[PDB]
Amino acid sequence: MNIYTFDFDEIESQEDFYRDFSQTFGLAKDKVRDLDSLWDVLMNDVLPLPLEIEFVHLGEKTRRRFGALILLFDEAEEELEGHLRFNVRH
């Protein structure tokens, strides 16, 4: 139900993501710094579920560079019985 968007025209490293993510969900300092900490927050009922995460303006190469993130989010969706929706642009 809550829709959040990540515009990759403004994200260039995974580090940029973690910060934009924390900023978007009002999370503290470094509650999310790497993949494992991102995964915990997705697993520990911390987010405003049900929600949808939209990855936008992500092209070929960038999709590939951020593949770990895309993998993590498809799995969170698989694990959160659709309470979390993840979509990459087109």
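All residue numbers refer to positions in the sequence shown, counting from 1. When reading the values below, keep in mind they use all heavy atoms of this one structure, side chains included, and skip hydrogens, waters and symmetry mates.
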Which value, rounded to the nearest 0.5 Å, describes the distance between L84 atom CG and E52 atom CD? 8.5 Å
Check whether more than 12 heavy atoms from other residues, nucleotides or ligands sit under 6.0 Å from atom CZ of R65, and answer yes or no. yes
Roughly how far, to the nearest 0.5 Å, is the CZ atom of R19 from the OG1 atom of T24? 10.5 Å
Spatial distance of atom NE2 (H83) from atom CG (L47) [nearest 0.5 Å]: 13.0 Å
Taking the side chain as everything from C-beta on, heavy atoms only, tell me whether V56 gets closer than 4.5 Å to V88. no
Distance flag, aromatic centroids of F6 and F17, threshold under 6.0 Å: yes
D40-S37 side chain donor-acceptor pair, cut-off 3.5 Å: no
Within the side chain of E77, is there an N or O that forms a donor-acceptor pair under 3.5 Å with the backbone of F86? yes
Is there a path from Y18 to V46 through hydrophobic residues (I, L, V, M, F, W, Y) whose side chains come within less than 4.5 Å of each other? yes
Would the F55 and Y4 ring centres measure less than 6.0 Å apart? no
Do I11 and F8 have side chains that approach each other closer than 4.5 Å (heavy atoms only, starting at C-beta)? yes
Quick one: does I53's side chain get under 4.5 Å of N87's, heavy atoms only? no
Taking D36's backbone N and O only, do any of them form a donor-acceptor pair with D34's side chain (distance below 3.5 Å, no angle check)? yes
Transitively linked via ILVMFWY side-chain contacts under 4.5 Å: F25 with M43? yes
Looking at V32, is its backbone amide N or carbonyl O close enough to the side chain of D30 to form a donor-acceptor pair, meaning the two atoms are under 3.5 Å apart? no
Looking at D9, I'd like to know if its CG atom is crowded, meaning that more than 12 non-hydrogen atoms belonging to other residues, nucleotides or ligands lie closer than 6.0 Å. yes
Under 4.5 Å between any side-chain heavy atoms of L51 and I3, yes or no? no
Can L38 be reached from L71 by stepping across I, L, V, M, F, W or Y side chains whose heavy atoms are under 4.5 Å apart? no
Side chain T62, main chain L58, donor-acceptor under 3.5 Å: no
Rounded at 0.5 Å granularity, tell me how far CD in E79 sits from CG in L42. 10.5 Å
Has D16 got a side-chain atom pairing as donor or acceptor with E12's backbone, closer than 3.5 angstrom? yes
Let me confirm one number: the NE2-CD distance from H57 to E10, rounded to the nearest 0.5 Å. 9.0 Å
Look at the side chain of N2 and the backbone N and O of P48, then say whether any donor-acceptor pair between them is shorter than 3.5 Å. yes
To the nearest 0.5 Å, how far apart are CZ in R89 and CG in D7? 8.0 Å
